[PDB]
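Below you will find one chain, with nothing else, as structure tokens; this is the form deposited in one PDB entry, and questions on how it binds or moves follow later.
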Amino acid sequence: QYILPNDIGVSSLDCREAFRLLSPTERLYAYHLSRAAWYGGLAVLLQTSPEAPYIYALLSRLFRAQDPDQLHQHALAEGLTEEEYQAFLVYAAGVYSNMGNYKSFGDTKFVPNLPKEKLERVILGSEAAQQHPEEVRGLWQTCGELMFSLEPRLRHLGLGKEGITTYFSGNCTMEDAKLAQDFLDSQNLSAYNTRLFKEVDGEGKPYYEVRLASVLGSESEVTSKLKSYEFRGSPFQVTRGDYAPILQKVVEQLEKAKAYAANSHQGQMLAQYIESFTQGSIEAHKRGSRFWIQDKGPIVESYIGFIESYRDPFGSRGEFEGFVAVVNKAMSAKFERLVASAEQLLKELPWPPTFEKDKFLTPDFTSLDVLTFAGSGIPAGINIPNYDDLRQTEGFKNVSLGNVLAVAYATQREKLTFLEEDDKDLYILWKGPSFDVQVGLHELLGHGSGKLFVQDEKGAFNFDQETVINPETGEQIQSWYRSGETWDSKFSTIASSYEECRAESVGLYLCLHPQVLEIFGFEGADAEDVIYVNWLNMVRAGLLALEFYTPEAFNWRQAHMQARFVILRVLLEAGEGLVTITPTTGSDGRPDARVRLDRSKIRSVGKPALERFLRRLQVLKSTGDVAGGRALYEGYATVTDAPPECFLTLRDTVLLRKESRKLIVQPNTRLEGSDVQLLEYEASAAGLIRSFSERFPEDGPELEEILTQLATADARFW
């Protein structure tokens, strides 16, 4: 928990196809924006812990002088076991992936899982230490103890004795934080790009400094605010120049990116971000963010700045982040073909044509492949900007990061819990393709299908009530939505889960259709394997979903998980040997389970089960039959310890065999003349390290010197 396990999962982001299909101009745009993002992500070290910048500098020197493979021999010569050496690599990979020594998931410190005395032998005997003996000794003295310290006040991000933070000086309390917020509010000044430093005089009187992040120092709209203030008896000073040499690098790259931008919204947003990072102006960043919202469906999508305020103990200061995510043009093309045949494909669905929408509208779904996501962590989706005023007047972007979602489940053979040995190789090979098919169907044909029957305030219907027949009754429709009731309002508790279930089930049902598979590029045995793995993944995910059921509250904590479990329950109810979940004894003697899906019964048993289930789901949804809908859905979503599945017992097994969150390796891009190439790394701790070793080829040592200088300037505050 305060360590990352030696066997931590690792996945590499796949942006290969998408990047290949970028034009030369879009490649150069993505190249410079990626450089901007990776440069800026370095500031996150300063925004994490006093020691983080030095740890980064030290690890970076170490791995530059010796590859993880060259250091390996050195480590063994110093008497580290293979496991101790792996513990170091995992630790370094963790620092790099979090931009600091605190997990971005949980905000808890992590330390190396090996004796400090052994690590010291490796560091001080390294080639880096041979090249710069005083500097490496100095870095180790500076960060060695803190690298390992689990003093209670350092275990978590926070204030005082409860935690550590570099958003504020070490002497700050929540009272200080609130006072600063009141001051900033009074001056209409955003906290997002700020830190708070408190000096205390001989009499214990506090003096406050609000420091803005900017290239420019304290030697536009910002200029007038850089001065002294008195606020409720407290002196306040507003200054700027935080992270200046890092932001200078960011700005250089944003300026270069402008040459390759796709439209004037992109050109203007980048000019505004440059002003923001140069002057320290959130007002400028908001203007840029407005332009960004106006830039609809760009091929190369990006955002950059002090965006999220989760890690500030007070919750108002942003952590730096930057991303570049791209439209996969091949996937766009496939989706367009799916949409072009939507009329025909919809007719295959198990409800009557009268229960279908009068005309097909492509749902508002956007998926992009991440090329770069810099900072402390990579989310599987984005929903931004966070500026409430802008969200209301202009809107926001809500986008899936498809290649990050694609590695949500296990991507390594040895991590495939609950699968039979003979399914493991297939699963690893066909997982990616099956995901692409499932997503496209789910989002487009799943959420894009089905009509609600509505009676309005005048008594008028949106369907032909004289002639539409409920296939379950053989009679005219007698149940419908009234009083402006909606799906969400009528089916309060289950609306979201039931709809995801219906959409996921459309995915499984339509992935059987040879025309769908042909669009996605699959025929023959390969198409059969894509089908099988899609279904296998779904049933395994329904077992795994039990983590998100709370037995004591008889309550499901996550809509999507509940939906997956329901699908499992539908396929189990079908019987005939299609799917079984059996509690077993693991190879280690502890409780385990086996998911067995008979591929030969998917069409003959699975298809008709989903036919019946989907027909029921839609009829009950269309007619707004909440009592019927609740009975059906809550029935399947019920978790009991009944044999032979013993799902409550299995939930414990699921939690037992649960492993920590995986690390994600990201690619690099390299410029040669006007050509940009993609560099990829192995999915391992060594691979992730190498990805960072190669990330700053022009100026890595300059950046490390910048980081340690900035850290040293502020060291007295902690």
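One rule holds for the numbers: they count along the sequence shown, beginning at 1.
Unshown form solved in complex with a partner chain; subsequent notes refer to it.
Contact annotation: its partner chain lies within 4.5 Å of heavy atoms from the stretch 383-391 in the deposited bound form, the single such stretch among 383-391, 118-126, 148-156, 327-335.
For the candidate set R615, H447, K258, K601, a heavy atom within 4.5 Å of its partner chain in the deposited bound form is found for exactly one residue, namely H447. Checking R317, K109, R564, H285 for any heavy atom within 4.5 Å of its partner chain in the deposited bound form turns up a single hit: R564. For the three residues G160, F197 and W718, a heavy atom within 4.5 Å of its partner chain turns up in the deposited bound form in no case. Using a 4.5 Å cutoff between non-hydrogen atoms, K424 does not count as a contact of its partner chain in the deposited bound form. Remark: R27 does not count among the residues lining its partner chain in the deposited bound form, judged by a heavy atom distance of 4.5 Å or less. In the deposited bound form, at least one heavy atom of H442 sits within 4.5 Å of its partner chain. With a 4.5 Å cutoff on heavy atoms, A408 counts as touching its partner chain in the deposited bound form.
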